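One file, data.pdb, carrying PDB, C-alpha atoms and all ligand atoms:
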ATOM      1  CA  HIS A 657       0.000   0.000   0.000
ATOM      2  CA  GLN A 658       0.926   3.688   0.011
ATOM      3  CA  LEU A 659      -0.012   6.262   2.639
ATOM      4  CA  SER A 660       0.284   9.982   3.259
ATOM      5  CA  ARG A 661       1.471  11.579   6.481
ATOM      6  CA  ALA A 662      -2.121  12.614   7.230
ATOM      7  CA  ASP A 663      -3.114   8.926   7.283
ATOM      8  CA  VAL A 664      -0.677   8.222  10.153
ATOM      9  CA  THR A 665      -1.395   9.172  13.759
ATOM     10  CA  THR A 666       0.890  12.033  14.803
ATOM     11  CA  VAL A 667       2.444  12.469  18.242
ATOM     12  CA  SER A 668       4.584  15.484  19.090
ATOM     13  CA  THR A 669       7.986  15.695  20.750
ATOM     14  CA  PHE A 670       7.611  19.489  20.863
ATOM     15  CA  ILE A 671       6.884  21.387  24.069
ATOM     16  CA  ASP A 672       4.274  24.076  23.480
ATOM     17  CA  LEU A 673       4.996  27.730  24.228
ATOM     18  CA  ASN A 674       2.308  30.258  23.274
ATOM     19  CA  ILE A 675       3.782  33.762  23.504
ATOM     20  CA  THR A 676       1.576  36.659  22.398
ATOM     21  CA  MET A 677       2.587  40.272  21.847
ATOM     22  CA  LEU A 678       1.411  43.074  24.108
ATOM     23  CA  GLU A 679      -1.153  45.112  22.181
ATOM     24  CA  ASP A 680      -0.920  48.785  21.200
ATOM     25  CA  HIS A 681      -2.703  51.066  23.655
ATOM     26  CA  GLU A 682      -3.755  54.702  23.211
ATOM     27  CA  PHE A 683      -3.823  57.220  26.075
ATOM     28  CA  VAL A 684      -6.395  59.980  25.526
ATOM     29  CA  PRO A 685      -5.993  63.333  27.319
ATOM     30  CA  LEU A 686      -7.763  63.286  30.676
ATOM     31  CA  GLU A 687      -8.207  65.956  33.347
ATOM     32  CA  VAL A 688     -10.382  65.962  36.453
ATOM     33  CA  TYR A 689     -10.805  69.741  36.156
ATOM     34  CA  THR A 690      -9.831  71.824  33.154
ATOM     35  CA  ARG A 691      -8.029  75.092  33.817
ATOM     36  CA  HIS A 692     -11.177  76.879  32.631
ATOM     37  CA  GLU A 693     -13.153  74.951  35.258
ATOM     38  CA  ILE A 694     -10.597  75.913  37.919
ATOM     39  CA  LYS A 695     -10.786  79.556  36.833
ATOM     40  CA  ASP A 696     -14.595  79.424  36.941
ATOM     41  CA  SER A 697     -14.740  77.959  40.464
ATOM     42  CA  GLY A 698     -14.137  81.425  41.920
ATOM     43  CA  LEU A 699     -17.297  83.265  42.918
ATOM     44  CA  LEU A 700     -16.210  86.735  41.740
ATOM     45  CA  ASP A 701     -13.803  87.441  38.880
ATOM     46  CA  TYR A 702     -12.076  90.771  39.500
ATOM     47  CA  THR A 703     -11.228  91.342  35.829
ATOM     48  CA  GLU A 704     -14.789  90.766  34.606
TER      49      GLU A 704
ATOM     50  CA  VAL B 125       2.415   6.704  15.287
ATOM     51  CA  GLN B 126       4.877   9.154  13.761
ATOM     52  CA  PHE B 127       6.670  12.168  15.184
ATOM     53  CA  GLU B 128       5.447  15.613  14.192
ATOM     54  CA  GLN B 129       7.662  17.180  11.552
ATOM     55  CA  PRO B 130       9.420  20.494  12.292
ATOM     56  CA  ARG B 131       7.032  23.415  12.626
ATOM     57  CA  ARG B 132       7.334  26.694  10.761
ATOM     58  CA  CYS B 133       9.100  28.998  13.198
ATOM     59  CA  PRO B 134       7.803  32.559  13.676
ATOM     60  CA  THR B 135       9.601  35.520  12.135
ATOM     61  CA  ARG B 136      11.098  38.472  13.974
ATOM     62  CA  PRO B 137       9.185  41.688  13.188
ATOM     63  CA  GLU B 138      10.670  43.994  10.571
ATOM     64  CA  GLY B 139      11.062  46.741  13.173
ATOM     65  CA  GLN B 140       9.477  50.186  13.131
ATOM     66  CA  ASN B 141      11.047  52.572  10.631
ATOM     67  CA  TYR B 142      11.879  55.918  12.235
ATOM     68  CA  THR B 143      12.392  59.255  10.505
ATOM     69  CA  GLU B 144      14.880  61.451  12.335
ATOM     70  CA  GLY B 145      14.147  65.149  12.522
ATOM     71  CA  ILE B 146      13.987  68.355  14.521
ATOM     72  CA  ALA B 147      10.754  69.560  16.094
ATOM     73  CA  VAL B 148       9.206  72.577  17.785
ATOM     74  CA  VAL B 149       6.076  71.930  19.856
ATOM     75  CA  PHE B 150       3.701  74.894  20.193
ATOM     76  CA  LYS B 151       0.898  75.245  22.745
ATOM     77  CA  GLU B 152      -2.117  77.527  22.998
ATOM     78  CA  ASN B 153      -1.055  81.010  24.078
ATOM     79  CA  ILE B 154      -2.596  81.996  27.414
ATOM     80  CA  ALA B 155      -0.181  84.828  28.261
ATOM     81  CA  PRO B 156      -1.703  88.290  27.711
ATOM     82  CA  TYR B 157      -0.085  90.613  25.209
ATOM     83  CA  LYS B 158       1.972  93.132  27.184
ATOM     84  CA  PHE B 159       3.147  96.620  26.259
ATOM     85  CA  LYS B 160       4.131  99.932  27.850
ATOM     86  CA  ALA B 161       1.777 102.886  28.302
ATOM     87  CA  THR B 162       1.869 106.285  29.982
ATOM     88  CA  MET B 163      -1.046 107.857  31.849
ATOM     89  CA  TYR B 164      -1.337 111.643  32.036
ATOM     90  CA  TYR B 165      -4.034 112.856  34.404
ATOM     91  CA  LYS B 166      -4.664 115.389  37.153
ATOM     92  CA  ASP B 167      -5.824 114.727  40.691
ATOM     93  CA  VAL B 168      -8.382 117.450  41.432
ATOM     94  CA  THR B 169      -9.388 117.807  45.081
ATOM     95  CA  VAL B 170     -11.982 120.278  46.350
ATOM     96  CA  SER B 171     -12.069 120.421  50.146
ATOM     97  CA  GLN B 172     -14.995 122.052  51.932
ATOM     98  CA  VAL B 173     -13.857 122.906  55.467
TER      99      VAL B 173
HETATM  100 NA    NA C   1      10.805  11.606  12.983
END
Represent the structure of the file as structure tokens.
Ligand code: NA
Amino acid sequence: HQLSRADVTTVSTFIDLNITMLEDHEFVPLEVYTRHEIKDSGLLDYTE
Amino acid sequence: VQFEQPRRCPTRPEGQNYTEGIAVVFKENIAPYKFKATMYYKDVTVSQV
């Protein structure tokens, strides 16, 4: 007869190691209070 | 049974291509425009005693 490699049961001598890359991350600007908010927190603005 | 034949090994990434250059980073201007002035006036005081 003749056979292909797919017709034969395959066992592995290889030890698995699944390493995945760290993914690209984007940091958006973020502020708790904008400087306009901080300016506006005062009750009276002398200039205005 | 047969042993598994050698696997296709992964490839090292090409590496990010970087353009060298000079840069100037500009921000929004919040400093008021400043200049020099001169005030000419007269203090006028009328005292009723
Ligand atoms: Na073999």
Edge lengths and centre, in Å to one decimal, as lines of an AutoDock Vina configuration file: that's what I need for the box along x, y and z that holds all listed atoms of region 687-704 of chain A plus 5 Å on each side.
center_x = -12.7
center_y = 78.6
center_z = 37.8
size_x = 19.3
size_y = 35.4
size_z = 20.3
* To do: Please give me, as a list in words, the residues lying within 12 Å of ligand NA 1 (chain C) when counting all atoms listed in the file.
  => residues 661, 666, 667, 668, 669 and 670 of chain A; 125, 126, 127, 128, 129 and 130 of chain B
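When all atoms listed in the file are used to compute distances to chain B, the closest of the residues A:689, A:697, A:673, A:682 turns out to be A:673.
Taking CA of residue 138 (chain B) and CA of residue 675 (chain A) as the two end points, the separation is 17.9 Å.
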* **Computed interatomic separation between CA of residue 687 (chain A) and CA of residue 154 (chain B) (Å)** => 18.0 Å
* Structure fact -> One decimal place gives the CA of residue 699 (chain A)-CA of residue 159 (chain B) separation as 29.6 Å
